[PDB]
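Peer 1: Mapping of the sequence shown onto our numbering: residues 176 to 514, in sequence order.
Backbone N, C-alpha and C define an ideal beta-carbon position, used for all residues, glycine too.
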Amino acid sequence: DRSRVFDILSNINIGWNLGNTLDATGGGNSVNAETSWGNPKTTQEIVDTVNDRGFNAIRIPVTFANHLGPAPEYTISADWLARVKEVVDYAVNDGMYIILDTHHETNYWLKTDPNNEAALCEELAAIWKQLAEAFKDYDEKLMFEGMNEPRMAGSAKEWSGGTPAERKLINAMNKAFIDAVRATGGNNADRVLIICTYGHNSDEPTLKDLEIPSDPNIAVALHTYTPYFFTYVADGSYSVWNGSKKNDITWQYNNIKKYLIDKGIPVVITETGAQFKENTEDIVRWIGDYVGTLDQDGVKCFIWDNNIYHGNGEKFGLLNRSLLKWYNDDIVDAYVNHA
Ligand SMILES: OC[C@H]1O[C@@H](O)[C@H](O)[C@@H](O)[C@@H]1O
Ligand SMILES: [Mg+2]
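(1) Between the Cα of residue 512 and those of 414, 229, 224 and 181, spot the shortest distance and give me the residue it belongs to.
(2) Is residue 394 closer than 9 Å to residue 356 when the C-beta atoms are compared?
(3) With respect to the alpha helix (DSSP H) encompassing residue 348, which residues constitute its N-terminal and C-terminal limits?
(4) Considering only C-alpha positions, which residue in the set 362, 435, 299 and 358 is nearest to residue 386?
(5) Looking only at C-alpha atoms, which of 444, 455, 390 and 244 sits nearest to residue 417?
(6) Okay, do the region 358 to 378 and the region 403 to 412 touch, 3+ Cβ pairs below 8 Å being the bar?
(7) Just to confirm my understanding: we take residue 232, look at its own chain, exclude 5 residues before and 5 after, and list those with CB closer than 8 Å. What are they?
(8) Helix or strand or just coil, what does DSSP make of residue 276?
(9) What does the alpha-carbon distance come out to for the pair residue 378 and residue 396?
(10) Under DSSP, the alpha helix (DSSP H) around residue 319 begins and ends at which residues?
(11) Along the chain, where does the beta strand (DSSP E) containing residue 483 start, and where does it finish?
(12) In whole angstroms, what is the alpha-carbon distance linking residue 399 and residue 201?
(13) Does ligand 1 have even one heavy atom less than 8 Å from the beta-carbon of residue 375?
(14) Would residue 382 pass as a contact of residue 430 if the rule is Cβ separation under 9 Å?
(15) Measure from the alpha carbon of residue 226 to the alpha carbon of each residue in 265, 259 and 376, then state which is nearest.
(16) Taking the alpha carbon of residue 283 as the point to measure from, which residue in 327, 253 and 308 has its own alpha carbon closest?
(17) Which term fits residue 295, buried or exposed, when burial requires 16 or more other beta carbons within 10 angstroms of its beta carbon?
(18) Just to confirm the assignment: which complete alpha helix (DSSP H) runs, minimum length 4, are found wholly within the region 184 to 258?
(19) Which term fits residue 421, buried or exposed, when burial requires 16 or more other beta carbons within 10 angstroms of its beta carbon?
(20) Ligand 1 and residue 280: does the residue's C-beta get closer than 8 Å to at least one heavy atom of that ligand?
Here's what the structure looks like:
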């Protein structure tokens, strides 16, 4: 029975990622990392704005690598941990649901080499031990997500679920994460812990090899910017949504039902969204087909938002953080009013 997790998740309307912020990897071992990718320092006001609009759940991606001491302690620099707590505290002050993760560790130490299983498991656990300790008293609305898109950068199957050997390693790393957090006790004994697949990939071979922990207070995170060629800019990509490609979403979703939902396993889409391609009416139609598919079984999602809309980059921005106004209210309405 995993129904405690379903109840907590059912309270979520829809989620929102504080992208390109604490996950940013500039600034070295300094709090300035937060602003290194061009975003302003996060404020209570910014989180309020997100909450007020209808995003009552927030994902806080964080890259710790450059703020860690040497092995084996990997002590998180006091200043950084304090700042991460401040930003989490903004959401807590608004009674929001929260995901805290480790993010671009994949740029540094989190390279999924099966020959290096021990060093990977131990660093992950050492980091999560310190995080769990820091947030020991935080209530059940705070959730932990162990890893973000864990993979080997540059490998052939980086974005197609990796190799079968790597998928075993991900299962070991999931257990290490869970094991480390539960051992801190307090509210972490039954806190919702979100595990993931290799690269957060949701292909059938990826899901088939996913080992499910017996721990009843866990959920499976996936990333589904589906279809890729609508959501991202690339050779072959498009900005029109008429519903002819809805089959891609449904076909993928049926596999998720096959391997997780219909086995009573809680599932969360911790990242999704569509880059703005001057196609407001199309994105609104995609949201209806994509989010409406998730709503069939009450699966929740968190929208990726990096604060990029006008300038260069992946245009996942929705909230203009400097003005506290939304870049595109038609798209945002479709999200918050999905039910
Ligand atoms: O896992 C989700 C992802 O889909 C991939 O196809 C993209 O190349 C990645 O940039 C993205 O993070
Ligand atoms: Mg308790």
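Peer 2: In this structure, then:
(1) When only C-alpha atoms are compared, the closest one is 229.
(2) No.
(3) Bounds of the alpha helix (DSSP H) holding residue 348 are 339 to 357.
(4) 435
(5) With respect to the C-alpha of residue 417, the residue from 444, 455, 390 and 244 having the closest C-alpha is 455.
(6) no
(7) 187, 188, 189, 190, 191, 271, 272, 273, 274, 475 and 477
(8) strand
(9) Those two C-alpha atoms are separated by around 13 Å.
(10) Not the alpha helix (DSSP H): residue 319 falls in the beta strand (DSSP E), residues 317 to 320.
(11) That residue, residue 483, is in no beta strand (DSSP E); it is neither H nor E in DSSP.
(12) 27 Å
(13) yes
(14) yes
(15) 265
(16) 327
(17) Buried is the call here.
(18) Taking only runs of at least 4 residues, the alpha helix (DSSP H) segments lying wholly in the region 184 to 258 are 219 to 228.
(19) Buried, because 16 or more other Cβ atoms sit within 10 Å of the Cβ of residue 421.
(20) no
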